[PDB]
């Protein structure tokens, strides 16, 4: 669609800046469990994607995604309500543009949640697995979101992903969980992206687990790559919405409903957690 180059991203950023006076410091990509956080944003300005020229379009059953501006724990945020998952067939530019817009809008930290299957056998339903690293299967293939001409305006041709999941933010998130009595739910792990949209087969899960993957999802990494590429610090957490089935004999099967259910059930806690992290961001 529209190339996530500086010209287009500026155009979109400027259109947004006309619509809100909130200069976001924190971008929040609303994933599993963050539905309430998005909702609890203070003094919020809600801008439907449909109202932002050249902003990529996505919907939940026809309802446009929204950019939500306002504050959260006294910090200025922009919340993306409505993501651009690659299994939907969105282009690299589509996925990248909103993140690069965040960059120009002033976002310094991106916080993202997602739903993931627990590969690591110690994980429990409802666990939070803070991403400390990832395995970008599509990226290792030739489906890295950065494939194509590099937009030098945003980042370097060969971005390193050394400390992609900012260790300081991870430490803070863990501390906030600990201080608030749910440190036991919080783990740190390697998230592997399956392009999807099929859930992983038991053989695939077994393989991924053996690759050193703790959780598996179909999202997030592309956004993270774009965020890191343009120098936005990233905090990302997977909500373990289901325990990956490694056994082909099992009759138990992953399903989006239980994924949604776990997200819905953990939303209040995840909101509290994110709000309390935001409150303590440097």
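Numbering follows the first chain given and starts at 1.
J.: Across the other PDB entries of this protein that model residues on both sides of residue 252, is it left without coordinates in at least a third of them?
T.: Counting only entries that model residues on both sides, residue 252 is unresolved in at least a third of them.
J.: May I ask whether residue 61 is missing from the deposited models in at least a third of the other compared entries?
T.: Residue 61: unmodelled in a third or more of the comparison entries.
J.: So, looking at the entry's B-factor column for Cα atoms, which has the higher mean, 215-223 or 24-32?
T.: Mean CA B-factor is higher for 24-32.
J.: Which has the higher mean CA temperature factor in the PDB entry, 198-206 or 81-89?
T.: Higher mean C-alpha B-factor in the PDB entry: 81-89.
J.: Hey, out of 37, 240, 234, 230, whose CA B-factor is highest in the deposited coordinates?
T.: Result of the comparison over 37, 240, 234, 230: 37.
J.: Quick one: which of 127, 133, 166, 179 has the biggest Cα B-factor according to the entry?
T.: Reading the PDB entry, the winner on C-alpha B-factor is 179.
J.: Divide the modelled residues of the chain into thirds by Cα B-factor and specify which third, lowest, middle or highest, holds residue 187.
T.: Residue 187: CA B-factor falls in the lowest third of its chain.
J.: Classify residue 151 as lowest, middle or highest third according to the C-alpha B-factor given in the PDB entry, relative to its own chain.
T.: As the PDB entry reports it, the C-alpha B-factor of residue 151 lands in the middle third of its chain.
J.: Would the CA B-factor of residue 101 place it in the lowest, middle or highest third of its chain?
T.: Residue 101: CA B-factor falls in the middle third of its chain.
J.: Once the chain's modelled residues are ordered by C-alpha B factor and cut into thirds, is residue 137 in the lowest, middle or highest one?
T.: Middle third.
J.: Where does residue 95 sit by CA temperature factor within its chain: lowest, middle or highest third?
T.: Its C-alpha B-factor, which the entry lists for residue 95, ranks in the lowest third among residues of this chain.
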